[PDB]
Amino acid sequence: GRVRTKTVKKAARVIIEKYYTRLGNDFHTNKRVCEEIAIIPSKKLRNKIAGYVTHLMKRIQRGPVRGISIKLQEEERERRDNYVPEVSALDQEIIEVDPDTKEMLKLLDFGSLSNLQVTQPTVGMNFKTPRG
Amino acid sequence: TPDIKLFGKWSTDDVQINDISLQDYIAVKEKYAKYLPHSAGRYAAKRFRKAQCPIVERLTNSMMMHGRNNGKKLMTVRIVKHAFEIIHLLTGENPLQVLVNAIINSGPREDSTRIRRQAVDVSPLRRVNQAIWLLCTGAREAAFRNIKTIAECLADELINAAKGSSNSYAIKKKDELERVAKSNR
Amino acid sequence: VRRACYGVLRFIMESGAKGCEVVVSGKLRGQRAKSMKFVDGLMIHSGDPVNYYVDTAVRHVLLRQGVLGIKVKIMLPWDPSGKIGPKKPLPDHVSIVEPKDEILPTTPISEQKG
Amino acid sequence: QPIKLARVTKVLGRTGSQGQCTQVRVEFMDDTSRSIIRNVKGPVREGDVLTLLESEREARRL
RNA sequence: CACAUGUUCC
RNA sequence: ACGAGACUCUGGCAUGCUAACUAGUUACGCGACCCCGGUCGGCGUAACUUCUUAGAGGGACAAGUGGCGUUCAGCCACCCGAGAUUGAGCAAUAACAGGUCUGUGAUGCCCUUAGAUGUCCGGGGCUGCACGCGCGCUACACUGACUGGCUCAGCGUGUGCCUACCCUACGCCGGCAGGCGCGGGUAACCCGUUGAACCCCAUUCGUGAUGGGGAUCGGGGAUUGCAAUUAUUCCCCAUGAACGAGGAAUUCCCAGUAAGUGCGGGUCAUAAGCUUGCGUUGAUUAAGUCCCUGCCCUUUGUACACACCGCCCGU
């Protein structure tokens, strides 16, 4: 029956999204941290709020969490989302071209190409699902 | 004696537990030894905290019945302690062994219940619950309006139950309940 | 009875209230007894804070047709000084201080002086 | 007709009209291979053996 | 397996 | 946004902190008594806060592990642990022709207002009894009754602005109820170390409407009050009835819980079978279900809307 409400959870994310380095993993450690970085009115809530923080710390060390704004993971996500491989996914030497979309270029301007070799046609129209 | 225990003067050892179906629900030896059949309590809070209780304390916990005698464990231990000698001065053997054959032989196997009745099997903990119960109310009428005291009736029945001699209340009500279940089975 | 009940509901918002529950019971416009209810803003009902966050006043008015009941209920605002309301904060509000803007060091330097 | 040692090895669910019975996937200490389903009364634990007065009665899965 | 009915100024 | 939660008071653990000649202990030193030791709420002293008490704090979070779960919300299990759900209070939106005009100097309106439905004095009634019903109490016995002995509590209250009326120790007188003389307590002080019952031990009875039961009723004696006859209560003796475990039916309850057992509070001049709290003895059973009784969401059906206790058809 021990299910936390919003004020246990909406507050604990503010503990993480602003104070990540000032905490650790153990409960009584960041229990003693959260008393000075957050004015919690009661003692039982003081054990309540920090208790959800350590449980979410057991998730951040293990994976990414949705409602979290941590400065060190997003820069890690930044460097993988500005990523550029030294070769492109377009710089290919063998551009396999279908026999019909060969024909469409012959009427257009770029009709005769160099690095474009042609395949063989698939025999027998069989492409949609059997009904039932 | 920090090695062995004497239940007043009764030895802890040499009680073979006959049935293997109830031996996981008879706490009577080498982990469950007490000088008294009386602890502070605490056994009746959890679901299966009733499984490791000493059986002689369980009977006293079920003996304080019918109003006026509820909340009087000080005297029901004064009944069974007197009643343990009564078994010994009739048998000569361990009186607690007689209790082992008593709870084994007075627990009904199959029991009808409201489902039209479907006769179904029972739990060993249900079985030790009923076997200790049916004798505990059987002697409750044997001393009722009779010169035979409650100490003897408590001792007389499990003597008649360890042999299944069918002159005790607990044996009769076990086989009738096994038979009326055998009707709608 | 409508115009006057706003006259106290607005008089506290110029005075800086947190919320109010004004209810005018009694008979109005006929023989039948009814109840007016103009609630607005934040206003709590439960908890120990009801003693020191809400100040309750109930009065009666004498007229020719009946006796009307008024519950002038006001939720006090909060102040850490404690001169407009209670000193104690809410049981659920979590005052979290902002992190101070410190620039992380990359160089090991000493500042011996004296 | 035999007294048989049938070891309760897992519980399925509470049954009956008032929820006074529970159904168990019971197994036999007397031979491991055959195993049936049968309602039990009273509080049930895991790994206890039962005493079947008859062995051919099987309960239906609710 | 059975289990019908209603009193109403407001 | 409210309600739930949070919150409050209490319950449990901290030989750490703060201190107690109206709280207790530890010693030391005599007195008494038995064979250096033993005991004592006998008597003083300096060190202490263990017990006394209550102030601050500290302690528990699903915290750690192991399963389980989107591996999210969470759940089951283990260990460490004084606690791995103490109990209550507070408690919304809307609603009822719920109840109170017998709580009022809260009141609209109405009746009455001197031969008064106002006020006071006397006495009676509210207690009255063929009968039905509700909450209760003591019982129906031998796990008992009866008689000695032994021994354990925790909640409270006490001298009244009026108020002339308190809680009570001690010392006597009397079988008892009760009575008389001193002393203290406006209270952690005196009562009071609150010597409670149940209990425990040991008699006696012996399945008998008996020594279970104490209804009814006669006789005597004291208290309170101006006044007790329709017996205010109370003690003594004698009387000793129904009642042999309670049909149909139905109530309350899952942990110090039910029940047993007493003790204070309220009413109180006289006064608890009621009620409100307290401690004491201490469980059986259960860790489940929608069967019943209802209750909360979702769909669906509705000829219902004072709403199925609805509506309505034919003779």
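In its metadata, the entry names cryo-EM as the structure determination method and reports 3.7 Å as the resolution.

As recorded by the PDB entry, chain D carries the name 40S ribosomal protein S28 and is attributed to Oryctolagus cuniculus. What the UniProt record of chain D gives under Sequence similarities is the line "Belongs to the eukaryotic ribosomal protein eS28 family."

Naming follows the PDB entry, where chain C appears as 40S ribosomal protein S3 of Oryctolagus cuniculus.

### A few points about empty space enclosed by the protein
Where empty space is left in the structure can be found by rolling a water-sized probe over the atoms. Residues and elements named next belong to chain B. Approximately 160 Å³ is the volume attributed to the largest cavity. Lining the largest cavity are 16 residues, and of these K5, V28, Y32, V56 and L96 lie nearest its centre. Counting residues per element, the ones that place at least two in the lining of the largest cavity are β2 (10-11) and α1 (55-63). Among the residues forming the lining of the largest cavity, the class breakdown is 12 nonpolar, two polar and two charged. In this structure, the second largest cavity spans a volume of roughly 90 Å³. Around the second largest cavity sit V56, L59, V80, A83, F84, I87, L99, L154, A155 and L158, which together line it. No other element matches the four residues that helix α2 (residues 73-91) contributes to the lining of the second largest cavity. Across the lining of the second largest cavity, the residue classes break down as 10 nonpolar, no polar and no charged.

### Re the side chain of B:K5
All names here are of chain B. With respect to the element layout, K5 can be found in the segment before β1 (6-7). Engagement of the side chain of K5 in a polar contact is seen with the backbone oxygen of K34, the distance being 2.9 Å. Among all residues touching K5, those that are not within four sequence positions of it are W10, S11, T12, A33, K34 and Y35.

### Quick look at the packing of helix α3 (residues 95-105) of chain B against helix α5 (residues 150-162) of chain B
All names here are of chain B. Here α3 crosses α5 at 70°, and the two axes come no closer than 8 Å. Taken together, α3 and α5 sit at an angle that is classed as roughly perpendicular. In this structure, α3 crosses over α5, and the sense of that crossing is left-handed. The segment α3 lies against α5, with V98, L99, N101, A102 and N105 engaging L158, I159, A161 and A162. Its residues assigned to classes, the contact of α3 with α5 shows seven nonpolar, two polar and no charged.

### What about helix α6 (residues 169-183) of chain B?
Given 3.6 residues per helical turn, the α-helix brings residues three or four places apart onto the same face. Residue and element names in this part refer to chain B. With 15 residues, α6 should cover 21 Å at 1.5 Å per step; its first-to-last C-alpha distance of 21 Å lies within 8% of that length. Among all positions of α6, only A170, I171, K174, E178 and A181 are buried. The arc enclosing the buried residues of α6, seen along the axis, measures out at 105°, which places them on a common side. Among the exposed residues of α6, those oriented more than 90 degrees off its buried face are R179 and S183.

### Re the sheet that holds strand β4 (residues 49-52) of chain D
Read from one edge of the open sheet, six strands run β3(B)-β4(B)-β3(D)-β2(D)-β1(D)-β4(D), paired in mixed fashion. The sheet is open, and its two edges are formed by β3 (110-111) of chain B together with β4 of chain D, each paired on a single side. The pairing of strand β1 (residues 4-15) of chain D with strand β2 (residues 21-28) of chain D spans eight bridges and is classified as antiparallel. Within β2(D), the residue paired with D:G13 across the bridge is D:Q23.

### Section: the interface of chain D and chain B
Contact with chain D, which involves 23 residues of that partner, is made by 24 residues of chain B. Summing both sides of the interface, chain D and chain B together bury roughly 2100 Å²; the carbon and sulfur share of this comes to 51%. Of all residues in chain D, D:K41, D:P43 and D:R45 give up the largest surface area on contact with chain B, accounting jointly for 29% of the area buried on that side. Our count for the contact surface shared by chain D and chain B stands at one salt bridge. Where chain D touches chain B, the interface holds 10 residue pairs in polar contact.

### Concerning the arrangement of the chains
Taken together, the two pairs of chains in contact show their highest number of contacts between chains B and D. Separating chain A from chain D is a minimum C-alpha gap of 22 Å, and the two share no contact.

### A few points about the environment of B:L74
Of note, B:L74 is situated in helix α2. For the pair formed by B:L74 and B:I55, sequence separation is 19 residues and the distance between their alpha carbons is 17 Å.

### Side note on the protein's contact with RNA strand F
The immediate surroundings of RNA strand F are formed by 76 residues, with A:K58, A:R62, B:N61, B:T149 and C:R64 found nearest. Backbone atoms, meaning sugar and phosphate, form 73% of the atoms of RNA strand F found within 4 Å of the protein. Here B:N69 contributes a side-chain N or O atom positioned 2.5 Å from a sugar or linking oxygen of RNA strand F. At a separation of 3.5 Å, a phosphate oxygen of RNA strand F approaches a polar side-chain atom of B:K72. Elements with a contribution of two residues or more to the surface near RNA strand F: α1 (6-18), α2 (27-37) and α3 (43-60) of chain A together with α1, α2 and α4 (124-142) of chain B.

### A word on the pattern of salt bridges
Residue and element names in this part refer to chain B. Taken as a whole and judged by the stated rule, the model has 12 salt bridges over all chains. Notably, a salt bridge pairs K73 with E57, separated by 3.8 Å at the nearest N-O pair. Of this pair, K73 sits in helix α2 while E57 is found in helix α1, placing the two residues 16 residues apart along the sequence. In this structure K73 comes out as buried when scored by relative accessible area, which is 12%.

Cut-offs applied
Per the conventions used, each chain is numbered from 1 along its written sequence, independently of whether this matches the entry, and residues without coordinates are not displayed. Starting at A for chains and at 1 for ligands, labels are handed out in the order in which the entities are written. Bear in mind the chains here are only a fraction of a larger assembly, and the values reflect that fraction. Working from all heavy atoms in the structure, the side-chain values ignore hydrogens and water. UniProt positions are given in the numbering used here, feature names are shortened, and annotations may be inferred rather than shown by experiment. Within this scheme a cavity is a closed region of a 1 Å grid, computed over the protein atoms alone, that accommodates a 1.4 Å probe without allowing it to escape, whereas a pocket is open but has protein on both sides within 12 Å along at least five of seven lines; lining residues each have an atom within 4 Å of a point. Grid points are joined across faces, edges and corners, and a volume is the space filled by probe spheres set on the points. Numbered from the N terminus, helices here are DSSP runs of H or I no shorter than four residues, and strands are runs of E no shorter than two. Under the scheme applied, nonpolar residues are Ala, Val, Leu, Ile, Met, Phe, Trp, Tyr, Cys and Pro; charged residues are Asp, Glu, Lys and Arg; polar residues are all the others, including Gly. In protein, a polar contact means a hydrogen-donor-capable atom and an acceptor-capable atom, both N or O and within 3.5 Å, with residues adjacent in sequence counting only if both atoms are side-chain atoms; elsewhere, any N or O pair within 3.5 Å suffices. A contact between two residues is defined here by any heavy atoms of the two lying within 4.5 Å. To obtain an axis, a line is fitted to C-alpha atoms, over the contacting stretch when the element is a helix, and the angle between two such axes runs from 0 to 180 degrees between their N-to-C directions. Throughout this description, any angle smaller than 35 degrees is read as roughly parallel, any larger than 145 degrees as roughly antiparallel, any in the 65 to 115 degree range as roughly perpendicular, and the remainder as oblique. Crossing handedness: left-handed means the near helix sits turned counterclockwise from the far one by under a right angle, and right-handed means the same turn made clockwise. Each helix should span, by expectation, one fewer than its residue count multiplied by 1.5 Å. Exposure is judged per residue with a 1.4 Å probe applied to protein chains only, and the accessible area is read against the type maximum: over 50% gives exposed, under 20% gives buried, and values in between give partly exposed. Arc definition: directions from the helix axis to the C-beta atoms. Pairing between two strands is assigned when DSSP locates at least 2 bridges connecting them. By definition, the buried area sums, over both parts, the 1.4 Å-probe accessible area that each loses when the two are put together. Here a salt bridge means any side-chain nitrogen of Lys or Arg lying within 4 Å of a carboxyl oxygen belonging to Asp or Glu. Think of it this way: one heavy atom of a residue within 4 Å of a molecule or strand is enough to make that residue near it.

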